[PDB]
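Remarks on the structure that follows.
Residue numbers (PDB author numbering): 35 to 472.
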(Lines of atoms letter the chains of each structure in order from A; the text may use other names.)
(Lines give C-alpha, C1' and ligand atoms only; values in the text may rest on other atoms or scores of the structure.)
Protein backbone atom coordinates (compact mmCIF):
# COMPACT_ATOMS: atom_id res chain seq x y z
CA UNK A 35 0.00 0.00 0.00
CA UNK A 36 1.13 3.51 -0.79
CA UNK A 37 -0.10 5.83 1.96
CA UNK A 38 -2.31 8.56 0.48
CA UNK A 39 -4.32 11.44 1.92
CA UNK A 40 -6.07 12.27 -1.38
CA UNK A 41 -6.69 8.88 -2.98
CA UNK A 42 -9.89 6.83 -3.29
CA UNK A 43 -12.81 7.38 -0.88
CA UNK A 44 -15.29 4.71 -2.06
CA UNK A 45 -14.50 0.99 -1.84
CA UNK A 46 -16.60 -0.67 -4.55
CA UNK A 47 -19.76 0.71 -6.10
CA UNK A 48 -21.94 3.15 -4.18
CA UNK A 49 -25.33 1.57 -3.55
CA UNK A 50 -27.25 4.42 -1.97
CA UNK A 51 -30.45 5.41 -3.80
CA UNK A 52 -28.91 8.43 -5.56
CA UNK A 53 -26.17 6.30 -7.14
CA UNK A 54 -28.67 3.55 -8.02
CA UNK A 55 -30.67 6.25 -9.83
CA UNK A 56 -27.56 7.60 -11.69
CA UNK A 57 -26.91 4.02 -12.81
CA UNK A 58 -30.47 2.91 -13.59
CA UNK A 59 -30.99 6.00 -15.77
CA UNK A 60 -28.44 4.48 -18.22
CA UNK A 61 -29.12 6.81 -21.18
CA UNK A 62 -28.28 10.50 -21.11
CA UNK A 63 -27.79 13.43 -23.47
CA UNK A 64 -24.93 15.92 -23.37
CA UNK A 65 -25.34 19.59 -24.23
CA UNK A 66 -22.26 21.56 -25.33
CA UNK A 67 -23.44 25.15 -25.74
CA UNK A 68 -21.33 28.30 -25.41
CA UNK A 69 -19.90 31.15 -27.44
CA UNK A 70 -18.23 28.72 -29.89
CA UNK A 71 -21.71 28.05 -31.33
CA UNK A 72 -21.65 31.52 -32.89
CA UNK A 73 -18.58 31.11 -35.25
CA UNK A 74 -19.40 27.37 -35.54
CA UNK A 75 -15.83 26.38 -36.43
CA UNK A 76 -15.11 29.29 -38.78
CA UNK A 77 -12.94 32.34 -38.03
CA UNK A 78 -12.24 35.15 -40.52
CA UNK A 79 -12.99 33.02 -43.57
CA UNK A 80 -11.16 29.85 -42.47
CA UNK A 81 -13.12 26.77 -41.43
CA UNK A 82 -11.07 24.81 -38.95
CA UNK A 83 -11.38 21.02 -38.91
CA UNK A 84 -10.67 20.67 -35.19
CA UNK A 85 -13.37 20.54 -32.50
CA UNK A 86 -15.46 23.74 -32.77
CA UNK A 87 -15.46 24.37 -29.02
CA UNK A 88 -11.64 24.72 -29.25
CA UNK A 89 -11.76 27.35 -32.07
CA UNK A 90 -10.26 30.00 -29.74
CA UNK A 91 -7.13 27.83 -29.69
CA UNK A 92 -7.12 26.80 -33.39
CA UNK A 93 -7.50 30.40 -34.60
CA UNK A 94 -5.23 31.83 -31.84
CA UNK A 95 -7.87 34.33 -30.72
CA UNK A 96 -7.01 36.51 -27.73
CA UNK A 97 -9.35 36.11 -24.73
CA UNK A 98 -10.78 39.62 -24.85
CA UNK A 99 -11.60 39.27 -28.56
CA UNK A 100 -13.08 35.77 -28.19
CA UNK A 101 -15.24 36.86 -25.25
CA UNK A 102 -16.62 39.75 -27.32
CA UNK A 103 -18.74 37.03 -28.95
CA UNK A 104 -21.00 37.64 -25.93
CA UNK A 105 -22.26 40.75 -27.82
CA UNK A 106 -23.73 38.31 -30.36
CA UNK A 107 -25.27 35.89 -27.81
CA UNK A 108 -29.01 36.17 -28.51
CA UNK A 109 -30.51 32.69 -29.02
CA UNK A 110 -34.05 33.89 -29.78
CA UNK A 111 -35.29 30.38 -30.71
CA UNK A 112 -34.28 29.01 -27.27
CA UNK A 113 -37.10 27.37 -25.36
CA UNK A 114 -36.15 25.21 -22.37
CA UNK A 115 -39.52 23.41 -22.45
CA UNK A 116 -38.92 22.42 -26.08
CA UNK A 117 -35.42 21.18 -25.20
CA UNK A 118 -36.82 19.13 -22.34
CA UNK A 119 -39.55 17.67 -24.61
CA UNK A 120 -36.84 16.71 -27.14
CA UNK A 121 -34.87 14.92 -24.43
CA UNK A 122 -37.99 13.19 -23.12
CA UNK A 123 -39.01 11.95 -26.58
CA UNK A 124 -35.45 10.67 -27.17
CA UNK A 125 -35.79 8.50 -24.06
CA UNK A 126 -33.01 10.22 -22.09
CA UNK A 127 -33.31 9.98 -18.32
CA UNK A 128 -30.75 12.71 -17.67
CA UNK A 129 -28.97 15.56 -19.39
CA UNK A 130 -25.41 16.76 -18.78
CA UNK A 131 -24.95 20.48 -19.53
CA UNK A 132 -21.81 22.58 -20.10
CA UNK A 133 -22.10 25.14 -17.32
CA UNK A 134 -18.76 26.64 -18.44
CA UNK A 135 -16.37 25.21 -21.05
CA UNK A 136 -12.66 26.05 -21.46
CA UNK A 137 -13.55 29.45 -22.98
CA UNK A 138 -14.87 30.46 -19.52
CA UNK A 139 -18.27 31.82 -20.58
CA UNK A 140 -20.86 30.84 -17.98
CA UNK A 141 -24.35 29.65 -18.87
CA UNK A 142 -25.55 30.91 -15.44
CA UNK A 143 -25.26 34.47 -14.06
CA UNK A 144 -22.15 33.98 -11.93
CA UNK A 145 -21.30 36.76 -9.52
CA UNK A 146 -17.59 35.80 -9.79
CA UNK A 147 -16.93 36.85 -13.40
CA UNK A 148 -18.39 39.25 -15.97
CA UNK A 149 -18.22 36.54 -18.71
CA UNK A 150 -21.73 35.21 -18.31
CA UNK A 151 -25.17 35.00 -19.86
CA UNK A 152 -26.24 38.05 -17.81
CA UNK A 153 -23.95 40.33 -19.85
CA UNK A 154 -25.31 39.39 -23.24
CA UNK A 155 -28.27 40.75 -25.20
CA UNK A 156 -30.26 37.66 -24.18
CA UNK A 157 -29.64 38.25 -20.41
CA UNK A 158 -31.44 35.15 -19.18
CA UNK A 159 -30.20 32.36 -16.95
CA UNK A 160 -30.04 29.60 -19.57
CA UNK A 161 -28.81 27.02 -17.04
CA UNK A 162 -31.60 27.79 -14.57
CA UNK A 163 -34.26 27.57 -17.27
CA UNK A 164 -32.92 24.20 -18.40
CA UNK A 165 -32.73 22.81 -14.84
CA UNK A 166 -36.41 23.72 -14.30
CA UNK A 167 -37.64 22.40 -17.65
CA UNK A 168 -35.72 19.10 -17.55
CA UNK A 169 -36.74 18.51 -13.92
CA UNK A 170 -40.43 19.18 -14.78
CA UNK A 171 -40.16 16.29 -17.30
CA UNK A 172 -38.63 14.05 -14.61
CA UNK A 173 -35.16 14.27 -16.19
CA UNK A 174 -32.11 14.55 -13.90
CA UNK A 175 -29.56 17.30 -14.61
CA UNK A 176 -25.79 16.90 -14.38
CA UNK A 177 -23.31 19.76 -14.62
CA UNK A 178 -20.22 19.68 -16.84
CA UNK A 179 -17.57 22.07 -15.49
CA UNK A 180 -14.20 22.93 -16.99
CA UNK A 181 -11.50 23.71 -14.41
CA UNK A 182 -9.15 25.04 -17.13
CA UNK A 183 -10.49 28.53 -17.88
CA UNK A 184 -9.10 30.59 -20.76
CA UNK A 185 -10.96 33.71 -19.56
CA UNK A 186 -9.29 34.06 -16.15
CA UNK A 187 -5.69 35.37 -16.25
CA UNK A 188 -4.97 33.70 -12.88
CA UNK A 189 -5.19 30.25 -14.52
CA UNK A 190 -1.82 28.53 -14.87
CA UNK A 191 -0.84 25.40 -16.86
CA UNK A 192 2.10 24.79 -14.50
CA UNK A 193 3.56 26.36 -11.37
CA UNK A 194 7.09 27.64 -12.06
CA UNK A 195 7.31 30.69 -9.77
CA UNK A 196 6.03 32.23 -6.61
CA UNK A 197 3.81 34.55 -8.68
CA UNK A 198 2.39 31.48 -10.48
CA UNK A 199 1.60 29.91 -7.07
CA UNK A 200 -0.14 32.97 -5.73
CA UNK A 201 -2.16 33.45 -8.95
CA UNK A 202 -3.19 29.82 -9.14
CA UNK A 203 -4.28 29.89 -5.47
CA UNK A 204 -6.61 32.80 -6.39
CA UNK A 205 -7.81 30.73 -9.34
CA UNK A 206 -8.67 27.77 -7.11
CA UNK A 207 -10.60 30.13 -4.80
CA UNK A 208 -12.51 31.49 -7.84
CA UNK A 209 -13.20 27.93 -8.93
CA UNK A 210 -14.49 26.98 -5.44
CA UNK A 211 -16.68 30.05 -5.49
CA UNK A 212 -18.28 29.10 -8.84
CA UNK A 213 -18.77 25.48 -7.77
CA UNK A 214 -20.51 26.46 -4.52
CA UNK A 215 -22.63 28.90 -6.52
CA UNK A 216 -23.75 26.14 -8.92
CA UNK A 217 -24.46 23.72 -6.03
CA UNK A 218 -26.60 26.25 -4.11
CA UNK A 219 -28.37 27.99 -7.05
CA UNK A 220 -29.38 24.63 -8.56
CA UNK A 221 -29.81 22.29 -5.58
CA UNK A 222 -31.50 19.55 -7.69
CA UNK A 223 -28.19 18.94 -9.53
CA UNK A 224 -27.30 15.22 -9.40
CA UNK A 225 -23.70 15.13 -10.73
CA UNK A 226 -20.64 17.26 -11.43
CA UNK A 227 -18.61 16.12 -14.45
CA UNK A 228 -15.23 17.82 -14.38
CA UNK A 229 -13.09 18.45 -17.43
CA UNK A 230 -9.88 20.38 -18.11
CA UNK A 231 -8.02 18.92 -15.14
CA UNK A 232 -5.07 17.41 -17.03
CA UNK A 233 -2.57 20.28 -16.64
CA UNK A 234 0.51 20.03 -14.36
CA UNK A 235 -0.93 22.80 -12.15
CA UNK A 236 -3.95 20.62 -11.22
CA UNK A 237 -1.91 17.38 -11.03
CA UNK A 238 0.40 19.11 -8.52
CA UNK A 239 -2.64 20.08 -6.43
CA UNK A 240 -4.41 16.74 -5.93
CA UNK A 241 -5.43 17.92 -2.45
CA UNK A 242 -7.69 20.49 -4.18
CA UNK A 243 -9.43 17.83 -6.29
CA UNK A 244 -10.22 15.82 -3.15
CA UNK A 245 -11.43 18.99 -1.42
CA UNK A 246 -13.75 19.83 -4.38
CA UNK A 247 -15.33 16.37 -4.26
CA UNK A 248 -15.86 16.63 -0.49
CA UNK A 249 -17.15 20.23 -0.65
CA UNK A 250 -19.77 19.33 -3.30
CA UNK A 251 -20.87 16.14 -1.48
CA UNK A 252 -21.47 18.23 1.69
CA UNK A 253 -23.51 20.79 -0.32
CA UNK A 254 -25.57 18.36 -2.47
CA UNK A 255 -26.69 15.17 -0.72
CA UNK A 256 -26.05 12.10 -2.87
CA UNK A 257 -24.27 14.01 -5.66
CA UNK A 258 -22.08 12.03 -8.05
CA UNK A 259 -18.58 13.21 -9.02
CA UNK A 260 -16.61 11.91 -12.01
CA UNK A 261 -13.17 10.35 -11.92
CA UNK A 262 -11.72 12.95 -14.27
CA UNK A 263 -11.77 15.54 -11.48
CA UNK A 264 -9.42 13.57 -9.32
CA UNK A 265 -5.65 13.46 -8.79
CA UNK A 266 -3.99 11.83 -5.78
CA UNK A 267 -1.00 12.94 -3.64
CA UNK A 268 1.37 11.75 -6.39
CA UNK A 269 -0.48 13.39 -9.32
CA UNK A 270 -2.03 10.12 -10.56
CA UNK A 271 -5.42 10.77 -12.19
CA UNK A 272 -8.76 8.85 -12.32
CA UNK A 273 -7.33 5.88 -10.46
CA UNK A 274 -4.99 6.51 -7.47
CA UNK A 275 -1.49 5.17 -6.89
CA UNK A 276 -2.96 1.97 -5.43
CA UNK A 277 -5.13 1.44 -8.54
CA UNK A 278 -8.36 2.44 -6.83
CA UNK A 279 -10.98 4.48 -8.67
CA UNK A 280 -11.38 8.04 -7.38
CA UNK A 281 -14.72 9.79 -7.53
CA UNK A 282 -17.94 7.82 -7.93
CA UNK A 283 -17.63 6.51 -11.49
CA UNK A 284 -15.06 6.23 -14.25
CA UNK A 285 -15.39 8.83 -16.98
CA UNK A 286 -13.00 7.96 -19.74
CA UNK A 287 -14.38 6.13 -22.70
CA UNK A 288 -14.96 9.37 -24.42
CA UNK A 289 -15.48 8.44 -27.98
CA UNK A 290 -13.95 4.94 -27.25
CA UNK A 291 -15.75 1.81 -25.58
CA UNK A 292 -14.40 -1.07 -23.53
CA UNK A 293 -13.84 -4.28 -25.41
CA UNK A 294 -16.63 -6.78 -24.73
CA UNK A 295 -14.19 -9.68 -24.43
CA UNK A 296 -10.97 -8.15 -23.08
CA UNK A 297 -12.18 -5.31 -20.82
CA UNK A 298 -14.59 -7.08 -18.41
CA UNK A 299 -12.73 -5.33 -15.54
CA UNK A 300 -15.05 -2.32 -16.09
CA UNK A 301 -17.96 -4.33 -14.68
CA UNK A 302 -16.41 -3.89 -11.20
CA UNK A 303 -17.15 -0.13 -11.05
CA UNK A 304 -19.71 2.38 -12.22
CA UNK A 305 -18.73 4.14 -15.42
CA UNK A 306 -20.13 6.46 -18.04
CA UNK A 307 -19.13 6.92 -21.70
CA UNK A 308 -19.83 10.11 -23.58
CA UNK A 309 -19.95 10.22 -27.39
CA UNK A 310 -20.14 12.66 -30.25
CA UNK A 311 -22.26 12.19 -33.41
CA UNK A 312 -19.44 13.29 -35.75
CA UNK A 313 -15.96 11.91 -35.10
CA UNK A 314 -14.81 14.80 -32.94
CA UNK A 315 -17.16 17.78 -32.66
CA UNK A 316 -18.87 18.58 -29.35
CA UNK A 317 -19.86 22.20 -29.81
CA UNK A 318 -21.79 23.31 -32.90
CA UNK A 319 -19.68 23.02 -36.05
CA UNK A 320 -21.27 24.32 -39.25
CA UNK A 321 -19.73 21.69 -41.57
CA UNK A 322 -20.43 18.07 -40.66
CA UNK A 323 -19.04 16.87 -44.04
CA UNK A 324 -15.53 17.10 -42.62
CA UNK A 325 -15.60 13.78 -40.69
CA UNK A 326 -17.66 10.63 -40.39
CA UNK A 327 -21.16 11.16 -38.92
CA UNK A 328 -22.70 8.20 -37.04
CA UNK A 329 -26.08 6.86 -38.07
CA UNK A 330 -28.81 6.20 -35.50
CA UNK A 331 -28.16 2.45 -35.51
CA UNK A 332 -24.44 3.08 -34.90
CA UNK A 333 -25.37 5.21 -31.88
CA UNK A 334 -27.90 2.66 -30.57
CA UNK A 335 -25.22 -0.05 -30.84
CA UNK A 336 -22.94 2.04 -28.63
CA UNK A 337 -25.73 2.66 -26.09
CA UNK A 338 -26.53 -1.04 -25.73
CA UNK A 339 -22.78 -1.90 -25.72
CA UNK A 340 -22.23 0.34 -22.69
CA UNK A 341 -25.20 -1.08 -20.74
CA UNK A 342 -24.09 -4.63 -21.61
CA UNK A 343 -20.82 -3.91 -19.78
CA UNK A 344 -22.41 -2.17 -16.79
CA UNK A 345 -22.00 1.44 -17.95
CA UNK A 346 -24.04 4.49 -18.92
CA UNK A 347 -23.95 6.19 -22.34
CA UNK A 348 -24.39 9.91 -23.01
CA UNK A 349 -25.06 11.14 -26.57
CA UNK A 350 -23.80 14.68 -27.31
CA UNK A 351 -25.68 17.56 -28.94
CA UNK A 352 -24.20 20.91 -29.95
CA UNK A 353 -27.05 23.39 -30.23
CA UNK A 354 -27.06 26.18 -32.82
CA UNK A 355 -26.27 29.75 -31.84
CA UNK A 356 -29.98 30.56 -32.31
CA UNK A 357 -31.05 28.10 -29.59
CA UNK A 358 -32.50 25.45 -31.92
CA UNK A 359 -31.08 22.07 -32.88
CA UNK A 360 -29.71 21.21 -36.33
CA UNK A 361 -31.75 18.78 -38.52
CA UNK A 362 -29.26 15.91 -38.11
CA UNK A 363 -29.65 16.10 -34.33
CA UNK A 364 -33.45 16.29 -34.41
CA UNK A 365 -33.40 13.18 -36.64
CA UNK A 366 -31.00 11.37 -34.32
CA UNK A 367 -33.01 12.10 -31.16
CA UNK A 368 -36.26 11.05 -32.80
CA UNK A 369 -34.80 7.78 -34.16
CA UNK A 370 -33.25 6.89 -30.78
CA UNK A 371 -36.53 7.66 -29.05
CA UNK A 372 -38.52 5.45 -31.41
CA UNK A 373 -36.14 2.53 -30.76
CA UNK A 374 -36.02 3.13 -26.99
CA UNK A 375 -39.82 3.22 -26.79
CA UNK A 376 -39.93 -0.26 -28.34
CA UNK A 377 -36.82 -1.88 -26.80
CA UNK A 378 -35.92 0.21 -23.72
CA UNK A 379 -36.82 -2.58 -21.26
CA UNK A 380 -33.41 -4.03 -22.29
CA UNK A 381 -31.61 -0.74 -21.51
CA UNK A 382 -33.11 1.13 -18.57
CA UNK A 383 -32.09 -0.31 -15.20
CA UNK A 384 -30.13 -3.08 -16.94
CA UNK A 385 -26.61 -4.31 -16.38
CA UNK A 386 -23.93 -6.86 -17.34
CA UNK A 387 -25.33 -10.37 -17.80
CA UNK A 388 -22.22 -12.54 -17.25
CA UNK A 389 -22.60 -14.42 -20.53
CA UNK A 390 -19.88 -15.08 -23.11
CA UNK A 391 -20.05 -12.51 -25.93
CA UNK A 392 -21.72 -13.67 -29.17
CA UNK A 393 -21.44 -12.14 -32.69
CA UNK A 394 -25.16 -11.28 -33.11
CA UNK A 395 -25.03 -8.45 -30.56
CA UNK A 396 -25.22 -7.93 -26.81
CA UNK A 397 -26.82 -9.38 -23.70
CA UNK A 398 -28.23 -7.23 -20.95
CA UNK A 399 -29.66 -8.28 -17.58
CA UNK A 400 -32.75 -6.82 -15.92
CA UNK A 401 -33.46 -6.40 -12.22
CA UNK A 402 -35.38 -9.68 -11.93
CA UNK A 403 -32.99 -12.04 -13.77
CA UNK A 404 -34.35 -11.27 -17.27
CA UNK A 405 -31.67 -11.80 -19.94
CA UNK A 406 -32.16 -9.75 -23.09
CA UNK A 407 -30.56 -10.62 -26.43
CA UNK A 408 -30.14 -7.39 -28.39
CA UNK A 409 -29.52 -8.42 -32.01
CA UNK A 410 -27.57 -6.07 -34.28
CA UNK A 411 -26.09 -8.60 -36.72
CA UNK A 412 -28.60 -11.04 -38.23
CA UNK A 413 -27.16 -14.54 -38.88
CA UNK A 414 -27.72 -16.01 -42.38
CA UNK A 415 -27.97 -19.30 -40.46
CA UNK A 416 -31.21 -17.96 -38.86
CA UNK A 417 -29.87 -19.22 -35.50
CA UNK A 418 -28.60 -17.04 -32.64
CA UNK A 419 -26.01 -18.94 -30.62
CA UNK A 420 -26.43 -18.75 -26.82
CA UNK A 421 -23.67 -20.30 -24.64
CA UNK A 422 -24.80 -20.29 -21.00
CA UNK A 423 -22.58 -20.00 -17.91
CA UNK A 424 -22.19 -23.16 -15.81
CA UNK A 425 -25.44 -24.11 -14.10
CA UNK A 426 -27.61 -21.78 -16.16
CA UNK A 427 -30.29 -23.07 -18.53
CA UNK A 428 -32.63 -21.32 -20.98
CA UNK A 429 -36.27 -22.14 -20.28
CA UNK A 430 -37.98 -19.82 -22.78
CA UNK A 431 -37.34 -17.17 -25.42
CA UNK A 432 -39.84 -14.48 -26.31
CA UNK A 433 -39.81 -11.66 -28.90
CA UNK A 434 -39.99 -8.56 -26.72
CA UNK A 435 -42.33 -6.48 -28.87
CA UNK A 436 -45.00 -9.08 -29.69
CA UNK A 437 -44.61 -11.67 -26.94
CA UNK A 438 -44.38 -14.43 -29.54
CA UNK A 439 -42.63 -17.62 -28.46
CA UNK A 440 -39.22 -18.23 -30.06
CA UNK A 441 -37.87 -21.76 -30.53
CA UNK A 442 -34.86 -22.74 -28.42
CA UNK A 443 -32.89 -25.84 -29.41
CA UNK A 444 -30.14 -27.39 -27.33
CA UNK A 445 -27.14 -28.08 -29.58
CA UNK A 446 -24.49 -29.11 -27.08
CA UNK A 447 -23.96 -29.17 -23.35
CA UNK A 448 -24.27 -25.50 -22.39
CA UNK A 449 -25.16 -24.19 -25.90
CA UNK A 450 -28.42 -23.38 -27.64
CA UNK A 451 -29.60 -22.10 -31.00
CA UNK A 452 -32.29 -19.48 -30.41
CA UNK A 453 -34.24 -19.09 -33.64
CA UNK A 454 -34.55 -15.67 -35.28
CA UNK A 455 -38.15 -14.40 -35.46
CA UNK A 456 -40.32 -15.77 -38.28
CA UNK A 457 -40.50 -12.26 -39.69
CA UNK A 458 -37.25 -10.25 -39.88
CA UNK A 459 -37.77 -7.28 -37.55
CA UNK A 460 -35.81 -5.09 -40.02
CA UNK A 461 -34.00 -3.22 -37.21
CA UNK A 462 -31.95 -4.18 -34.14
CA UNK A 463 -34.35 -6.16 -31.96
CA UNK A 464 -34.74 -7.85 -28.57
CA UNK A 465 -35.42 -11.46 -27.58
CA UNK A 466 -36.05 -11.94 -23.87
CA UNK A 467 -34.81 -15.15 -22.26
CA UNK A 468 -36.17 -16.82 -19.15
CA UNK A 469 -33.19 -18.50 -17.46
CA UNK A 470 -32.84 -20.81 -14.42
CA UNK A 471 -29.84 -21.36 -12.15
CA UNK A 472 -29.22 -24.93 -10.81
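Heads up, the beta-carbon is just placed ideally off N, CA and C, and yes, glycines get one too.
Cβ-heavy atom distance, residue i to the ligand MN, below 7 Å
i, result
"residue 452", "For the structure depicted, the ligand MN is absent and the ligand set is empty, with no information on it obtainable."
DSSP bridge partner residues for residue i (one or two, in chain order)
i, result
"residue 312", "327"
"residue 446", "449"
"residue 434", "Paired residues: none, contrary to the question."
"residue 421", "449"
"residue 470", "427"
"residue 63", "129, 349"
"residue 86", "None; residue 86 has no bridge partner."
"residue 464", "408"
"residue 476", "It is not possible to answer for residue 476, since the shown part of the chain is limited to 35 through 472."
"residue 258", "225"
"residue 454", "Bridge partners of residue 454: none, in fact."
"residue 150", "140"
"residue 76", "81"
"residue 265", "271"
Residue i versus the options, residue with shortest Cα-Cα distance
i, options, result
"residue 384", "131, 77, 286, 301", "301"
"residue 175", "227, 406, 146", "227"
"residue 286", "430, 280, 262", "262"
"residue 264", "284, 414, 443", "284"
"residue 137", "131, 407, 63, 98", "98"
"residue 56", "86, 405, 256", "256"
"residue 36", "422, 325, 140, 276", "276"
"residue 435", "129, 429, 455, 425", "455"
"residue 59", "382, 219, 313", "382"
"residue 470", "425, 458, 431", "425"
"residue 405", "452, 354, 468", "468"
"residue 194", "184, 235, 181, 223", "235"
"residue 38", "173, 49, 269, 124", "269"
"residue 366", "463, 387, 333, 309", "333"
"residue 165", "185, 139, 217, 190", "217"
"residue 414", "453, 109, 407", "453"
"residue 212", "118, 186, 237", "186"
"residue 399", "458, 150, 466", "466"
"residue 318", "397, 73, 409, 63", "73"
"residue 329", "423, 196, 370", "370"
"residue 389", "358, 402, 363, 422", "422"
"residue 82", "320, 387, 54, 231", "320"
"residue 184", "220, 88, 244, 141", "88"
"residue 437", "450, 449, 463, 335", "463"
"residue 307", "108, 289, 124", "289"
"residue 130", "222, 244, 251, 451", "222"
Start-to-end residues for the beta strand (DSSP E) that takes in residue i
i, result
"residue 31", "The requested residue 31 is not part of the displayed model; the chain covers only 35 to 472."
"residue 350", "346-351"
"residue 176", "174-180"
"residue 382", "Segment: none, residue 382 is in no beta strand (DSSP E) and carries neither H nor E."
"residue 407", "405-409"
"residue 278", "Taken as a continuous stretch (DSSP letters only), residue 278 belongs to no beta strand (DSSP E), as it is neither H nor E."
"residue 398", "395-399"
"residue 303", "Premise fails: residue 303 is in no beta strand (DSSP E) and is neither H nor E."
"residue 227", "225-229"
8 Å Cβ cutoff met for residue i and residue j
i, j, result
"residue 135", "residue 350", "no"
"residue 394", "residue 418", "yes"
"residue 258", "residue 225", "yes"
"residue 41", "residue 274", "yes"
"residue 76", "residue 122", "no"
"residue 347", "residue 331", "no"
"residue 132", "residue 61", "no"
"residue 145", "residue 215", "yes"
"residue 192", "residue 233", "yes"
"residue 420", "residue 392", "yes"
"residue 147", "residue 181", "no"
"residue 314", "residue 85", "yes"
"residue 354", "residue 71", "yes"
"residue 178", "residue 229", "yes"
"residue 48", "residue 282", "yes"
Residue range of the alpha helix (DSSP H) that includes residue i
i, result
"residue 290", "Per DSSP, residue 290 belongs to no alpha helix (DSSP H) and is neither H nor E."
"residue 5", "Beyond the ends of the chain as shown, which are 35 and 472, falls residue 5; an answer cannot be given."
"residue 117", "114-124"
"residue 168", "160-170"
"residue 240", "240-253"
"residue 371", "361-377"
"residue 234", "234-237"
Cβ of residue i within 8 Å of any chain C Cβ
i, result
"residue 184", "Of the protein chains in the structure, only one exists, and it is not chain C."
Practice problem: Check whether the stretch 287-298 touches the stretch 326-343, taking contact to mean three or more Cβ pairs, one atom from each stretch, closer than 8 Å. | Solution: yes
Practice problem: Flag this pair as touching only if the stretch 145-159 and the stretch 90-109 have three or more C-beta atom pairs under 8 Å; answer yes or no. | Solution: Per the Cβ contact rule, the stretch 145-159 is in contact with the stretch 90-109 (3 or more Cβ pairs under 8 Å).
Quiz item: Just checking, does the stretch 364-376 make contact with the stretch 438-448 on the three C-beta pairs under 8 Å criterion?
Solution: no
Quiz item: Does the pairing of the stretch 82-93 with the stretch 202-209 give three or more beta-carbon distances under 8 Å?
Solution: Not touching, per the Cβ criterion.
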